[PDB]
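File shown here: my_file.cif, holding mmCIF, N, CA and C atoms.
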```
data_model
#
loop_
_atom_site.group_PDB
_atom_site.id
_atom_site.type_symbol
_atom_site.label_atom_id
_atom_site.label_comp_id
_atom_site.auth_asym_id
_atom_site.auth_seq_id
_atom_site.Cartn_x
_atom_site.Cartn_y
_atom_site.Cartn_z
ATOM 1 N N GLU V 1 91.564 97.321 84.501
ATOM 2 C CA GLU V 1 90.200 97.218 85.107
ATOM 3 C C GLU V 1 90.125 96.007 86.045
ATOM 4 N N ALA V 2 89.359 96.112 87.103
ATOM 5 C CA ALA V 2 89.231 94.974 88.065
ATOM 6 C C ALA V 2 87.778 94.849 88.544
ATOM 7 N N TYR V 3 87.120 93.768 88.204
ATOM 8 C CA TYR V 3 85.700 93.581 88.635
ATOM 9 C C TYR V 3 85.496 92.172 89.216
ATOM 10 N N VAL V 4 84.676 92.061 90.243
ATOM 11 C CA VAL V 4 84.401 90.734 90.898
ATOM 12 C C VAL V 4 85.685 90.148 91.509
ATOM 13 N N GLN V 5 86.603 89.685 90.695
ATOM 14 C CA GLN V 5 87.871 89.104 91.235
ATOM 15 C C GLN V 5 88.909 90.214 91.464
ATOM 16 N N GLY V 6 88.617 91.142 92.342
ATOM 17 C CA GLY V 6 89.581 92.250 92.620
ATOM 18 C C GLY V 6 90.865 91.676 93.229
ATOM 19 N N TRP V 7 90.736 90.746 94.146
ATOM 20 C CA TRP V 7 91.948 90.139 94.783
ATOM 21 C C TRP V 7 92.806 89.411 93.734
ATOM 22 N N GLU V 8 92.189 88.777 92.762
ATOM 23 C CA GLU V 8 92.978 88.069 91.709
ATOM 24 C C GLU V 8 93.736 89.098 90.863
ATOM 25 N N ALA V 9 93.117 90.221 90.578
ATOM 26 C CA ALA V 9 93.803 91.280 89.781
ATOM 27 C C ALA V 9 94.987 91.836 90.580
ATOM 28 N N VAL V 10 94.815 92.014 91.869
ATOM 29 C CA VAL V 10 95.932 92.534 92.716
ATOM 30 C C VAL V 10 97.092 91.530 92.706
ATOM 31 N N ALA V 11 96.788 90.253 92.757
ATOM 32 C CA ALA V 11 97.868 89.220 92.729
ATOM 33 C C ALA V 11 98.612 89.289 91.390
ATOM 34 N N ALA V 12 97.891 89.493 90.310
ATOM 35 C CA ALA V 12 98.548 89.593 88.973
ATOM 36 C C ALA V 12 99.476 90.812 88.943
ATOM 37 N N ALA V 13 99.044 91.916 89.507
ATOM 38 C CA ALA V 13 99.908 93.135 89.531
ATOM 39 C C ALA V 13 101.168 92.860 90.360
ATOM 40 N N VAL V 14 101.028 92.151 91.456
ATOM 41 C CA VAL V 14 102.217 91.829 92.303
ATOM 42 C C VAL V 14 103.184 90.936 91.514
ATOM 43 N N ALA V 15 102.662 89.997 90.759
ATOM 44 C CA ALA V 15 103.546 89.106 89.950
ATOM 45 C C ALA V 15 104.287 89.933 88.892
ATOM 46 N N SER V 16 103.616 90.888 88.288
ATOM 47 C CA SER V 16 104.284 91.741 87.261
ATOM 48 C C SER V 16 105.403 92.558 87.919
ATOM 49 N N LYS V 17 105.170 93.052 89.114
ATOM 50 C CA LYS V 17 106.221 93.844 89.819
ATOM 51 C C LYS V 17 107.422 92.946 90.156
ATOM 52 N N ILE V 18 107.185 91.674 90.400
ATOM 53 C CA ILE V 18 108.309 90.744 90.719
ATOM 54 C C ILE V 18 109.248 90.635 89.511
ATOM 55 N N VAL V 19 108.701 90.514 88.324
ATOM 56 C CA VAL V 19 109.562 90.408 87.104
ATOM 57 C C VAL V 19 110.290 91.736 86.856
ATOM 58 N N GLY V 20 109.615 92.843 87.047
ATOM 59 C CA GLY V 20 110.264 94.172 86.830
ATOM 60 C C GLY V 20 111.331 94.423 87.909
ATOM 61 N N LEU V 21 111.196 93.805 89.062
ATOM 62 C CA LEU V 21 112.193 94.017 90.155
ATOM 63 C C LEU V 21 112.936 92.708 90.484
ATOM 64 N N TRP V 22 113.216 91.897 89.491
ATOM 65 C CA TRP V 22 113.930 90.610 89.747
ATOM 66 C C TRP V 22 115.411 90.714 89.345
ATOM 67 N N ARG V 23 116.285 90.178 90.160
ATOM 68 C CA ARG V 23 117.744 90.205 89.845
ATOM 69 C C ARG V 23 118.148 88.857 89.229
ATOM 70 N N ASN V 24 119.428 88.591 89.092
ATOM 71 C CA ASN V 24 119.870 87.285 88.496
ATOM 72 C C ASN V 24 119.089 86.120 89.127
ATOM 73 N N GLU V 25 118.937 86.128 90.431
ATOM 74 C CA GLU V 25 118.173 85.035 91.117
ATOM 75 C C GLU V 25 117.677 85.504 92.498
ATOM 76 N N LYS V 26 117.292 86.752 92.613
ATOM 77 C CA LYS V 26 116.808 87.276 93.927
ATOM 78 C C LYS V 26 115.800 88.413 93.715
ATOM 79 N N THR V 27 114.885 88.585 94.634
ATOM 80 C CA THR V 27 113.875 89.679 94.509
ATOM 81 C C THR V 27 113.403 90.104 95.902
ATOM 82 N N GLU V 28 112.583 91.116 95.983
ATOM 83 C CA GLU V 28 112.090 91.572 97.319
ATOM 84 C C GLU V 28 110.572 91.782 97.285
ATOM 85 N N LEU V 29 109.855 91.163 98.193
ATOM 86 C CA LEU V 29 108.369 91.321 98.218
ATOM 87 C C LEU V 29 107.941 92.106 99.465
ATOM 88 N N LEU V 30 107.221 93.191 99.277
ATOM 89 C CA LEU V 30 106.757 94.025 100.435
ATOM 90 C C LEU V 30 107.945 94.495 101.294
ATOM 91 N N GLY V 31 109.101 94.676 100.697
ATOM 92 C CA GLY V 31 110.292 95.135 101.479
ATOM 93 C C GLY V 31 111.048 93.934 102.070
ATOM 94 N N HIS V 32 110.517 92.739 101.951
ATOM 95 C CA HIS V 32 111.216 91.543 102.511
ATOM 96 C C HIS V 32 112.132 90.922 101.454
ATOM 97 N N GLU V 33 113.110 90.161 101.875
ATOM 98 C CA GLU V 33 114.038 89.520 100.893
ATOM 99 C C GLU V 33 113.431 88.213 100.370
ATOM 100 N N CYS V 34 113.552 87.962 99.090
ATOM 101 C CA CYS V 34 112.980 86.713 98.507
ATOM 102 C C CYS V 34 113.911 86.150 97.427
ATOM 103 N N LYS V 35 113.671 84.936 97.007
ATOM 104 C CA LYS V 35 114.528 84.319 95.956
ATOM 105 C C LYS V 35 113.683 83.885 94.753
ATOM 106 N N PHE V 36 113.882 84.524 93.630
ATOM 107 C CA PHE V 36 113.121 84.167 92.394
ATOM 108 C C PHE V 36 114.106 83.615 91.353
ATOM 109 N N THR V 37 113.820 82.478 90.764
ATOM 110 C CA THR V 37 114.777 81.901 89.765
ATOM 111 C C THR V 37 114.044 81.273 88.572
ATOM 112 N N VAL V 38 114.758 81.064 87.488
ATOM 113 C CA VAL V 38 114.151 80.447 86.270
ATOM 114 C C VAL V 38 115.070 79.335 85.731
ATOM 115 N N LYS V 39 114.517 78.354 85.059
ATOM 116 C CA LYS V 39 115.361 77.247 84.512
ATOM 117 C C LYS V 39 114.647 76.560 83.336
ATOM 118 N N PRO V 40 115.077 76.890 82.141
ATOM 119 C CA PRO V 40 114.471 76.299 80.922
ATOM 120 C C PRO V 40 114.988 74.876 80.682
ATOM 121 N N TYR V 41 114.189 74.046 80.064
ATOM 122 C CA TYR V 41 114.622 72.647 79.773
ATOM 123 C C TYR V 41 114.453 72.356 78.282
ATOM 124 N N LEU V 42 114.662 71.130 77.890
ATOM 125 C CA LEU V 42 114.525 70.773 76.448
ATOM 126 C C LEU V 42 113.841 69.411 76.279
ATOM 127 N N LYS V 43 113.048 69.276 75.249
ATOM 128 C CA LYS V 43 112.342 67.987 74.985
ATOM 129 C C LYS V 43 112.850 67.387 73.669
ATOM 130 N N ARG V 44 112.428 66.185 73.347
ATOM 131 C CA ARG V 44 112.878 65.523 72.076
ATOM 132 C C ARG V 44 112.812 66.494 70.887
ATOM 133 N N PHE V 45 111.858 67.392 70.893
ATOM 134 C CA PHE V 45 111.728 68.378 69.776
ATOM 135 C C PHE V 45 111.000 69.644 70.262
ATOM 136 N N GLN V 46 111.316 70.114 71.448
ATOM 137 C CA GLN V 46 110.640 71.343 71.979
ATOM 138 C C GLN V 46 111.484 72.005 73.077
ATOM 139 N N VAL V 47 111.105 73.189 73.487
ATOM 140 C CA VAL V 47 111.854 73.906 74.569
ATOM 141 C C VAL V 47 110.850 74.453 75.587
ATOM 142 N N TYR V 48 111.000 74.109 76.842
ATOM 143 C CA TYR V 48 110.036 74.603 77.869
ATOM 144 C C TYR V 48 110.723 75.545 78.860
ATOM 145 N N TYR V 49 109.997 76.512 79.363
ATOM 146 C CA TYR V 49 110.587 77.469 80.342
ATOM 147 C C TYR V 49 109.960 77.256 81.722
ATOM 148 N N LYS V 50 110.754 76.879 82.687
ATOM 149 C CA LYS V 50 110.221 76.653 84.064
ATOM 150 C C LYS V 50 110.752 77.732 85.008
ATOM 151 N N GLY V 51 110.133 77.896 86.146
ATOM 152 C CA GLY V 51 110.605 78.933 87.105
ATOM 153 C C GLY V 51 109.998 78.693 88.487
ATOM 154 N N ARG V 52 110.635 79.202 89.511
ATOM 155 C CA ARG V 52 110.115 79.022 90.898
ATOM 156 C C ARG V 52 110.599 80.172 91.788
ATOM 157 N N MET V 53 109.761 80.651 92.676
ATOM 158 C CA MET V 53 110.186 81.768 93.569
ATOM 159 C C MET V 53 109.604 81.595 94.976
ATOM 160 N N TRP V 54 110.323 82.055 95.965
ATOM 161 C CA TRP V 54 109.846 81.939 97.378
ATOM 162 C C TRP V 54 110.492 83.030 98.236
ATOM 163 N N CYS V 55 110.055 83.189 99.458
ATOM 164 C CA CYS V 55 110.654 84.246 100.324
ATOM 165 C C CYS V 55 111.242 83.635 101.601
ATOM 166 N N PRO V 56 112.508 83.289 101.529
ATOM 167 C CA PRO V 56 113.206 82.701 102.698
ATOM 168 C C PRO V 56 113.552 83.804 103.710
ATOM 169 N N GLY V 57 112.611 84.150 104.554
ATOM 170 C CA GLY V 57 112.849 85.221 105.565
ATOM 171 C C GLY V 57 111.506 85.825 105.989
ATOM 172 N N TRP V 58 110.662 86.149 105.036
ATOM 173 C CA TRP V 58 109.328 86.735 105.371
ATOM 174 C C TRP V 58 108.406 85.652 105.941
ATOM 175 N N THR V 59 108.241 84.565 105.228
ATOM 176 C CA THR V 59 107.360 83.465 105.716
ATOM 177 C C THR V 59 107.828 82.119 105.135
ATOM 178 N N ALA V 60 106.976 81.126 105.138
ATOM 179 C CA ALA V 60 107.365 79.791 104.593
ATOM 180 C C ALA V 60 106.403 79.372 103.470
ATOM 181 N N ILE V 61 106.455 80.049 102.350
ATOM 182 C CA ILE V 61 105.552 79.701 101.211
ATOM 183 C C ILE V 61 106.323 79.777 99.885
ATOM 184 N N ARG V 62 105.870 79.066 98.880
ATOM 185 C CA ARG V 62 106.569 79.095 97.560
ATOM 186 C C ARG V 62 105.560 79.095 96.408
ATOM 187 N N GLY V 63 106.022 79.401 95.227
ATOM 188 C CA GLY V 63 105.117 79.419 94.041
ATOM 189 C C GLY V 63 105.954 79.297 92.773
ATOM 190 N N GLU V 64 105.607 78.378 91.912
ATOM 191 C CA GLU V 64 106.388 78.196 90.656
ATOM 192 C C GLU V 64 105.457 77.978 89.461
ATOM 193 N N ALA V 65 105.984 78.099 88.269
ATOM 194 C CA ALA V 65 105.143 77.905 87.051
ATOM 195 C C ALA V 65 106.019 77.567 85.838
ATOM 196 N N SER V 66 105.431 77.005 84.810
ATOM 197 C CA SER V 66 106.219 76.647 83.589
ATOM 198 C C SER V 66 105.380 76.883 82.327
ATOM 199 N N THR V 67 106.024 77.174 81.225
ATOM 200 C CA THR V 67 105.283 77.416 79.945
ATOM 201 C C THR V 67 106.276 77.604 78.786
ATOM 202 N N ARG V 68 105.783 77.879 77.604
ATOM 203 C CA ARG V 68 106.694 78.082 76.434
ATOM 204 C C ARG V 68 107.229 79.522 76.425
ATOM 205 N N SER V 69 106.448 80.463 76.900
ATOM 206 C CA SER V 69 106.907 81.888 76.932
ATOM 207 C C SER V 69 108.069 82.052 77.922
ATOM 208 N N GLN V 70 108.981 82.945 77.631
ATOM 209 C CA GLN V 70 110.149 83.166 78.542
ATOM 210 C C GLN V 70 109.765 84.121 79.678
ATOM 211 N N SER V 71 109.268 85.285 79.343
ATOM 212 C CA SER V 71 108.866 86.270 80.394
ATOM 213 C C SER V 71 107.546 85.841 81.046
ATOM 214 N N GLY V 72 106.690 85.179 80.303
ATOM 215 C CA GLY V 72 105.381 84.727 80.866
ATOM 216 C C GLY V 72 105.614 83.809 82.071
ATOM 217 N N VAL V 73 106.599 82.941 82.006
ATOM 218 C CA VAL V 73 106.867 82.027 83.162
ATOM 219 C C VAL V 73 107.270 82.835 84.403
ATOM 220 N N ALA V 74 107.967 83.934 84.216
ATOM 221 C CA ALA V 74 108.385 84.767 85.384
ATOM 222 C C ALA V 74 107.152 85.346 86.078
ATOM 223 N N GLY V 75 106.239 85.907 85.323
ATOM 224 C CA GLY V 75 105.000 86.468 85.934
ATOM 225 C C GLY V 75 104.160 85.314 86.486
ATOM 226 N N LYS V 76 104.219 84.170 85.848
ATOM 227 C CA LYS V 76 103.441 82.991 86.323
ATOM 228 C C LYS V 76 104.024 82.469 87.645
ATOM 229 N N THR V 77 105.332 82.428 87.766
ATOM 230 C CA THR V 77 105.960 81.941 89.035
ATOM 231 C C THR V 77 105.621 82.896 90.186
ATOM 232 N N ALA V 78 105.652 84.181 89.935
ATOM 233 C CA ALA V 78 105.321 85.165 91.008
ATOM 234 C C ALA V 78 103.822 85.109 91.331
ATOM 235 N N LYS V 79 103.001 84.862 90.340
ATOM 236 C CA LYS V 79 101.531 84.781 90.580
ATOM 237 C C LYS V 79 101.200 83.556 91.435
ATOM 238 N N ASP V 80 101.858 82.447 91.192
ATOM 239 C CA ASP V 80 101.579 81.220 92.000
ATOM 240 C C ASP V 80 102.027 81.435 93.448
ATOM 241 N N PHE V 81 103.137 82.103 93.649
ATOM 242 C CA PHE V 81 103.604 82.362 95.043
ATOM 243 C C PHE V 81 102.629 83.317 95.739
ATOM 244 N N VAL V 82 102.152 84.318 95.035
ATOM 245 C CA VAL V 82 101.188 85.275 95.651
ATOM 246 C C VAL V 82 99.864 84.560 95.949
ATOM 247 N N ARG V 83 99.450 83.657 95.094
ATOM 248 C CA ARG V 83 98.172 82.923 95.339
ATOM 249 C C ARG V 83 98.296 82.051 96.594
ATOM 250 N N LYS V 84 99.432 81.426 96.799
ATOM 251 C CA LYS V 84 99.606 80.573 98.015
ATOM 252 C C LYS V 84 99.611 81.448 99.275
ATOM 253 N N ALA V 85 100.244 82.594 99.213
ATOM 254 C CA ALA V 85 100.271 83.501 100.403
ATOM 255 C C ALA V 85 98.902 84.167 100.592
ATOM 256 N N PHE V 86 98.175 84.373 99.519
ATOM 257 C CA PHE V 86 96.828 85.007 99.636
ATOM 258 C C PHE V 86 95.820 84.010 100.217
ATOM 259 N N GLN V 87 95.915 82.752 99.847
ATOM 260 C CA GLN V 87 94.956 81.740 100.393
ATOM 261 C C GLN V 87 95.180 81.555 101.900
ATOM 262 N N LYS V 88 96.414 81.598 102.343
ATOM 263 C CA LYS V 88 96.697 81.432 103.801
ATOM 264 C C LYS V 88 96.295 82.701 104.562
ATOM 265 N N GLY V 89 96.795 83.841 104.150
ATOM 266 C CA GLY V 89 96.442 85.112 104.838
ATOM 267 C C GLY V 89 97.705 85.943 105.086
ATOM 268 N N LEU V 90 98.481 86.196 104.059
ATOM 269 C CA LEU V 90 99.723 87.006 104.240
ATOM 270 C C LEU V 90 99.692 88.240 103.330
ATOM 271 N N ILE V 91 99.548 88.046 102.041
ATOM 272 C CA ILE V 91 99.507 89.210 101.106
ATOM 273 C C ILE V 91 98.126 89.878 101.162
ATOM 274 N N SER V 92 98.048 91.057 101.722
ATOM 275 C CA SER V 92 96.734 91.768 101.807
ATOM 276 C C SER V 92 96.561 92.711 100.612
ATOM 277 N N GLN V 93 95.368 93.208 100.404
ATOM 278 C CA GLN V 93 95.127 94.140 99.258
ATOM 279 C C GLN V 93 95.891 95.455 99.468
ATOM 280 N N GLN V 94 95.779 96.041 100.635
ATOM 281 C CA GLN V 94 96.490 97.329 100.908
ATOM 282 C C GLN V 94 98.010 97.135 100.843
ATOM 283 N N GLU V 95 98.513 96.063 101.402
ATOM 284 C CA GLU V 95 99.989 95.818 101.369
ATOM 285 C C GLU V 95 100.471 95.673 99.922
ATOM 286 N N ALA V 96 99.743 94.943 99.113
ATOM 287 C CA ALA V 96 100.151 94.768 97.687
ATOM 288 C C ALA V 96 100.089 96.114 96.956
ATOM 289 N N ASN V 97 99.110 96.927 97.271
ATOM 290 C CA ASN V 97 98.994 98.260 96.608
ATOM 291 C C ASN V 97 100.160 99.166 97.023
ATOM 292 N N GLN V 98 100.571 99.102 98.268
ATOM 293 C CA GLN V 98 101.714 99.953 98.720
ATOM 294 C C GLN V 98 103.003 99.497 98.026
ATOM 295 N N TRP V 99 103.177 98.207 97.861
ATOM 296 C CA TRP V 99 104.402 97.699 97.176
ATOM 297 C C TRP V 99 104.397 98.136 95.707
ATOM 298 N N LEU V 100 103.254 98.077 95.064
ATOM 299 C CA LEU V 100 103.177 98.497 93.628
ATOM 300 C C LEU V 100 103.428 100.008 93.504
ATOM 301 N N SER V 101 103.020 100.778 94.489
ATOM 302 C CA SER V 101 103.241 102.257 94.434
ATOM 303 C C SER V 101 104.743 102.569 94.500
ATOM 304 N N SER V 102 105.416 102.091 95.518
ATOM 305 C CA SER V 102 106.883 102.350 95.643
ATOM 306 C C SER V 102 107.566 101.203 96.403
#
```
Whole structure given in structure tokens:
Amino acid sequence: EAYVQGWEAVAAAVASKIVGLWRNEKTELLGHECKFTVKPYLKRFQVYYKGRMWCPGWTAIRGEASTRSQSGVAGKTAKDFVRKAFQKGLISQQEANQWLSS
């Protein structure tokens, strides 16, 4: 369901597609080539999962995120990159819907 924040829901769907279509350290957004990667660290008595992704070819923007969840950080890194491109004016609603379709 998507109400009021329709654009925020579309960005979340794009981040989920990035994790489902992510390779060892590379991905593709809207048909363009991009680089998505993850890197967990360790604390005196804890384990954190960090990640960062960007598109070296489509434009000049990046987005990263960190948390305790392993897969959650992947969707979080893709969501931060989509939010930076959405605030500037690159990821549109129709373009994100076409990428999610096929």
Point to revise | Residues matched by the PyMOL selection byres (((chain V and resi 22 and name CA) around 12) and name CA), written as a PyMOL selection string | key: chain V and resi 15-21+23-29+33-38+53+71+74-75+77-78
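The gap separating atom N of residue V:13 from atom CA of residue V:61 is 18.1 Å, in Å to one decimal.
Proximity to residue V:73 was assessed for V:100, V:50, V:7, V:43 counting only N, CA and C atoms; the smallest distance is recorded for V:50.
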Exercise for review: Give me the residues within 9 Å of residue V:93 as a ChimeraX atom specification, counting only C-alpha atoms and dropping any in the same chain fewer than 4 places off.
Suggested key: /V:6-7,10-11,97-98
Review point. Quick one: residues within 5 Å of residue V:81, all atoms listed in the file counted, chain neighbours fewer than 6 positions away excluded, as a ChimeraX atom specification?
Key: /V:62-64
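In this model, the gap between atom N of residue V:14 and atom N of residue V:79 comes to 7.6 Å.
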Exercise for review: From a DSSP pass on the backbone, collect the residues of stretch 11-72 of chain V flagged as strand (DSSP E or B) and hand them back as a PyMOL selection string.
Suggested key: chain V and resi 27-29+32-43+46-54+56+59+62-67
